[PDB]
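Chemist: Dumping the structure here so I can ask a few things about it.
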Amino acid sequence: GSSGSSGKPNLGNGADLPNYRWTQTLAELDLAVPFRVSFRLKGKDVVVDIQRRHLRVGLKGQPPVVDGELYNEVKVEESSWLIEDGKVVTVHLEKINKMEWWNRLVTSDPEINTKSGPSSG
């Protein structure tokens, strides 16, 4: 009925956003930005910039759907993205450490109760 937490935890302990969906695991993180297009997207048509602690995604000319600092460092030299069905733009993010958990995609999106349980720690 009312509005509270739009971002819900998915199988990939990620967050389901109305603008896009992304998952995060002890291994690596994945982002999926669905674009309302009716044609095939070309690596040039889209603009996905991946950095150490910075990531950007969008379309040439148009405003970047995702623009903000990353929760943590991500092996950029390894990171990579690809176009899905020429409609969506998936971006793989390698977690510098497979022993680290993310709380959100960037420092702009909301956080999610990664941990759970009555335990103190």
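Starting from 1 in every chain, residues are counted up; chains themselves are A, B, ... following the order of the structure tokens, and ligands are numbered from 1 as listed.
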Leaving out segment 98-103 of chain A and any residue of its chain fewer than 4 positions from it, which residues lie within 10 Å of it when counting only C-alpha atoms, given as a list in words?
Modeler: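 Once the nearby chain positions are removed, what remains is residues 13, 14, 15, 23, 24, 25, 26, 27, 28, 29, 70, 71, 72, 94, 107, 109, 110, 111, 112, 113, 114 and 115 of chain A.
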Chemist: To one decimal place, how far is atom CA of residue 33 of chain A from atom CA of residue 54 of chain A in Å?
Modeler: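 Pair atom CA of residue 33 of chain A / atom CA of residue 54 of chain A returns 16.3 Å.
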Chemist: Could you jot down the atom CA of residue 21 of chain A to atom CA of residue 106 of chain A separation for me, Å, one decimal place?
Modeler: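 According to the coordinates, atom CA of residue 21 of chain A and atom CA of residue 106 of chain A are separated by 12.5 Å.
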Chemist: Could you please determine the separation between atom CA of residue 90 of chain A and atom CA of residue 77 of chain A in Å, to one decimal place?
Modeler: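 Atom CA of residue 77 of chain A lies at a distance of 16.9 Å from atom CA of residue 90 of chain A.
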Chemist: Run DSSP on the backbone and give me the residues of chain A it puts in strand (DSSP E or B), as a VMD selection string.
Modeler: chain A and resid 8 15 to 16 21 to 24 28 to 34 46 49 to 50 54 to 57 59 66 to 70 74 80 to 84 88 to 95 106
Chemist: Looking at only C-alpha atoms, which of A:116, A:38, A:79, A:19 is the one that sits closest to residue 51 of chain A?
Modeler: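 Going through A:116, A:38, A:79, A:19 one by one, the smallest distance to residue 51 of chain A is for A:79.
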